[PDB]
Amino acid sequence: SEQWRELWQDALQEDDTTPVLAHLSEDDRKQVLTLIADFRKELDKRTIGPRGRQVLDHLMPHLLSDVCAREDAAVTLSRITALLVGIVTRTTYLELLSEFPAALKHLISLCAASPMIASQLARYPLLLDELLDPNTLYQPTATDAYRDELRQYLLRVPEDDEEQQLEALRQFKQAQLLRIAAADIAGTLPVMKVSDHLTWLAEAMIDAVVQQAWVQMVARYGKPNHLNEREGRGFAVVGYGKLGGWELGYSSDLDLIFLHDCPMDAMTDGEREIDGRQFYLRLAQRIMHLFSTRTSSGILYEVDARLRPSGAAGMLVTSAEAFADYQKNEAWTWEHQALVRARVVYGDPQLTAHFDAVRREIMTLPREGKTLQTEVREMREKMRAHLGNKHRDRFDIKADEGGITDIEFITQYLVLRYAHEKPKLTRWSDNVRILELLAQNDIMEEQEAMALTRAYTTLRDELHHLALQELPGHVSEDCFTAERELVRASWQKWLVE
């Protein structure tokens, strides 16, 4: 125990011969000693006060004894001191680290396992709350209780206070991401379920953002007056991309478009009367603002709205009737492709019905088979020239031949080709369930649809692991040769012949 105290006290001496570091390699011991020295020098540089220095001197022998005894000492300590350096100014956070040896133990365990978590806890130290209860730290929220949990997390927050409401949503998201990532790392949640949890989480957040925006708008303008005879809001959020496709990762954007079904002559019913439609545009804008603005705990989600009709040049919100017109009369095939993946993530039953029937009608357009196949193949190839890692010796899991986008395009291709003949193909928007549908409806043999499913979930789940390690989305060309061969052969089967 004395020797751990000395490792901290004689830190600057960087004594090579300390027994406590003998288990490590020369280089690793060298790195460990430097890390400790470097940290101690920061204290002198950040000129922290007496209370801080007292807690640190108590806490560091203990902290170093856990970390530095690990085989992975050098990497682990590097992640821990980056975290500490960020919080050495907050006495309370140190005080919490000392008063609770169990929260420290999990901090070290997690940071050793995952630089993603280390970074998050370094960026958002208020998450240290989560480390004080292993029962919740490693059991993430039931997929159907995200809305209830948010509700309960928002109780303390002044409902009149935009900035606190915003900050609270950001806190909630980071807490849930930590729990999700922590359960993955502990094996408490199967990796197969990570995208599922992230997706349920985003939907809860969307629900709460819309709610917050609506209250602000209704307070300024009153309600659009067409909303009689009608329980709900006449506004809809459609999710595209990974959101649509139940494929969210830890640091994903949300691809969203916004619909209304508001008449031209509708007005809001407050004394600050505005046009019904402008009320929704402003609603949409507020929502964007509530997702993207930066508070202490960062931003909530980056929102990408570029897939709306006409892209960046289109209205921020379209009527459902204009969305239908556009899809039938103007949209490119690549837009219809993208639409295979779209689903309503917020809206009332009327507008959901409107979207569903519109999309269903676009899916089941009769399309000339080879013309479509030619279109989808040409588009894939153009994407591949611009997207993903461009190095020959690497395999971009998403972007390269035999990767995820290949599978996605195979599924979108087949729904657009065959939905006219087999309308049940429209029923789900994610790859796993689309492949299932393609088998049930005799487009694809069961062996193939299952082989694409597994290759898909394997590749998608690798990306989750890579995220956890703050590694890029490309791996050695040695990797996943069976998955790629099977996806290439399907590509060749469906898209080239």
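- Structure determination for this entry, per the PDB record, employed X-ray crystallography and reached 2.40 Å resolution.

1. Some details on empty space enclosed by the protein
Picture a little ball the size of a water molecule; that probe, rolled over the atoms, points out where space is still empty.
Right, on to step 1. Of the volumes computed, that of the largest cavity is approximately 50 Å³.
Right, on to step 2. Lining the largest cavity are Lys173, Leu177, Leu198, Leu201, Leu248, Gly249, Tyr250, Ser251, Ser252, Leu254 and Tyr301.
Right, on to step 3. Elements that contribute at least two residues to the lining of the largest cavity include exactly α10 (162–186) and α11 (194–221).
Right, on to step 4. Per-class residue counts for the lining of the largest cavity are seven nonpolar, three polar and one charged.

2. Some words on a negative patch on the surface
Right, on to step 1. On the surface, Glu375, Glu378, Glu381 and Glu401 cluster together into a patch of negative charge.
Right, on to step 2. When you line up the elements, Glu375 lands in helix α17 (residues 369–386).
Right, on to step 3. With relative accessibility at 32%, the residue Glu375 sits in the partly exposed group.

3. Side note on the pairing of strand β2 (residues 254–260)
Successive side chains on a regular strand alternate, one facing one side of the sheet and the next facing the other.
Right, on to step 1. Here β2 lies mainly inside the structure; seven of its seven residues are buried.
Right, on to step 2. Residues of β2 alternate between two faces, with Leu254, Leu256, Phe258 and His260 on one and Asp255, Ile257 and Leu259 on the opposite face, all of them buried.
Right, on to step 3. Alignment of strand β1 (residues 235–240) against β2, held across six bridges, turns out to be antiparallel. Looking across to β2, one finds that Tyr240 is bridged to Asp255.
Right, on to step 4. Of the pairings in the sheet, the one linking β2 to strand β3 (residues 303–304) comprises two bridges and is parallel in character. Bridge assignment links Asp255 to a residue of β3, and that residue is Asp304.
Right, on to step 5. Remark: the β2/helix α13 (residues 276–292)/β3 crossover connection has right-handed handedness.
Right, on to step 6. Summarising the sheet, β2 and strand β4 (residues 317–319) pair through three bridges and their orientation is parallel. Counterpart to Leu259 in the pairing with β4 is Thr318.

The rules we used
- Residues numbered from 1 in each chain as written, not as in the entry; some residues may be left out.
- Heavy atoms only, no water.
- Residues with missing side-chain atoms left out of burial classes, pairs and counts.
- 1 Å grid on protein atoms, 1.4 Å probe; cavity = no way out; pocket = protein on both sides within 12 Å on 5 of 7 lines; lining within 4 Å.
- Points joined across faces, edges and corners; volume = space filled by probe spheres on them.
- Helix = DSSP H or I, 4+ residues; strand = E, 2+ residues; numbered from the N terminus.
- Nonpolar A, V, L, I, M, F, W, Y, C, P; charged D, E, K, R; others polar.
- Patch = residues over 30% accessible without salt bridge, like charges linked within 9 Å, V, L, I, M, F, W, Y side chains within 5 Å.
- Areas by Shrake-Rupley, 256 points an atom, 1.4 Å probe, with all protein chains shown as cover.
- Salt bridge = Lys/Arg side-chain N within 4 Å of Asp/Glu carboxyl O.
- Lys, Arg positive; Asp, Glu negative; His and termini not counted.
- Charge placed at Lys NZ, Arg CZ, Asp CG, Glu CD.
- Buried < 20%, exposed > 50% of the residue type's maximum accessible area, 1.4 Å probe, protein only.
- Pairing = 2+ DSSP bridges.
- Right-handed = clockwise from strand over helix to strand, strands pointing away.

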